[PDB]
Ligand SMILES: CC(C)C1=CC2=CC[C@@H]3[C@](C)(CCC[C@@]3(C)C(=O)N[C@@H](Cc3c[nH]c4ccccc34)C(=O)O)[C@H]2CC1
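Have a look below at one chain only, the form deposited without the ligand, in structure tokens format.
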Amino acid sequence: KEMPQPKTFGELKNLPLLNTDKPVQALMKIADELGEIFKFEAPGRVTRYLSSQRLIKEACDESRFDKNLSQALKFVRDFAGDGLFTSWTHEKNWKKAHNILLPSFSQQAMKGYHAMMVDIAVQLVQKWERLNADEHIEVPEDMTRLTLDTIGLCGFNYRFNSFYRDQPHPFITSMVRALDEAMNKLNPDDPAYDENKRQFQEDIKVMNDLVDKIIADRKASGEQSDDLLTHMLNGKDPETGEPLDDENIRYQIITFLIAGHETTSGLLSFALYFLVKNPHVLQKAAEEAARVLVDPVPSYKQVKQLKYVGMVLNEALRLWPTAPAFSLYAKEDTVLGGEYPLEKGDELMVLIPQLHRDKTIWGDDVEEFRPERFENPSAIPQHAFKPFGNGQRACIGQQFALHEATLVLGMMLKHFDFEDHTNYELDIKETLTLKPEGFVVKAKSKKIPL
């Protein structure tokens, strides 16, 4: 079959159809019109967007397709290096870091990070407890302070102290500005970008200098902490027998922050958005939080018992997966779905929000927020629900992100009632990630001490 494709406009190809800063949302609308697969061409480039479980399951066959570095990832690689997120599968440091780090990101490993996640979560709760009457909360902004600080503390035992500041720690300022410049890069040698380049280089140096110093401090003290840095200093890859070198360790630390901060904060923000818009679900979730979180701060075991909170989070990931697209290439010539010939090197994009709206899997009501879809997670067909990507190149942080989010949302629901005081209109900003831009609430404390 010929591959469906939107209208082309001479040499502009399909580009005039994507004149937006919200391309994923625009591509979803194109998928609504054209279906499970369409080609999209712009001057000098081509990809193919997939949106059905049936085709995405095939695309997820690692014998036929592997992770591609999109142009976004190639620009991020300028400061994330050969960390896990921005490496090709074949790179020696991908394989070594993957093997070394997997055990440190397992569900069992979460027991070791729990206390430090609670430390930052308590700081968030106390911030909100201390607001004066009529003050409000900037949701994504506070969730991002939380996730940055949690990844810093669990990643390398470093306190960014984001809840002490108006202006973030200089590392955060540089990382956020570097990521913003990478995304904005999507005539770059024009002199008017001279300042962009100088600033980018300056931000790289700030990031490398801090992380390289802590790595050095840690090797000097011999201190063993409950952080990922300790695991990386001590770990050996079973296959090569080699540890990660100090440069790659730095890139992994930078990577954890980049890959984890806004995905996780976006999830918490969308979950709270859906809860304030669905009062009955909010009540059920808050009832569970009150029933289960019976101690002054949560234990690891208690977080594991927040079943319905976990369902809420999965249903937020279903509707607005916060890293909404990933790229694949064809390893060899092949035919996709019995119908679409592909050449070696051809790119595919998995459009995750549209996958998560495949009516053939989810039924007719796909826009409804219904956590009960996830009552029995094992009943969901493989490759229908993919907010954390695919296979060996899936999110290594998944258990971390979900432990964090379940703990934090549980505490939020234990400690406060929330008000959508502005009747907030969902406005989804797209960068590397998705967030509900401008989402604000008021919280009324239940006055339960920590």
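Residue indices: 1-based, along the sequence shown. Only the largest set of C-alpha atoms that superpose within 1.5 Å between the two forms is called the rigid core.
Although it is not shown, the form deposited with the ligand bound is what the next lines describe.
**Student:** Exactly one stretch in 302-310, 338-346, 273-281, 69-77 has heavy atoms within 4.5 Å of the ligand in the bound PDB entry; which is it?
**Tutor:** Comparing against the ligand in the bound PDB entry, the contact stretch is 69-77.
**Student:** Taking the shortest heavy atom distance, is residue 426 within 4.5 Å of the ligand in the bound PDB entry?
**Tutor:** Flag for residue 426 set to no.
**Student:** With the cut-off set at 4.5 Å between non-hydrogen atoms, does residue 436 touch the ligand in the bound PDB entry?
**Tutor:** No, residue 436 stays farther than 4.5 Å from the ligand in the bound PDB entry.
**Student:** Taking heavy atoms and a 4.5 Å cut-off, does residue 116 contact the ligand in the bound PDB entry?
**Tutor:** Residue 116: no, not in contact with the ligand in the bound PDB entry.
**Student:** Is residue 54 close to the ligand in the bound PDB entry, meaning a heavy atom pair under 4.5 Å apart or at it?
**Tutor:** Answer no; every heavy atom of residue 54 is more than 4.5 Å from the ligand in the bound PDB entry.
**Student:** Whether 290, 418 and 450 jointly form a contact site for the ligand in the bound PDB entry is the question; each needs a heavy atom within 4.5 Å.
**Tutor:** No, none of the three is in contact.
**Student:** Select from the listed residues 122, 294, 186, 131 the one whose heavy atoms reach within 4.5 Å of the ligand in the bound PDB entry.
**Tutor:** Answer to the contact question: 186.
**Student:** Superpose the two forms on their rigid core, then report whether the C-alpha of residue 16 is displaced by 2 angstroms or more between this form and the one not shown.
**Tutor:** Indeed, residue 16 is displaced by 2 Å or more.
**Student:** Once you line up the core, how about residue 394: does its CA shift reach 2 Å between this form and the one not shown?
**Tutor:** Shift of 2 Å or more: no.
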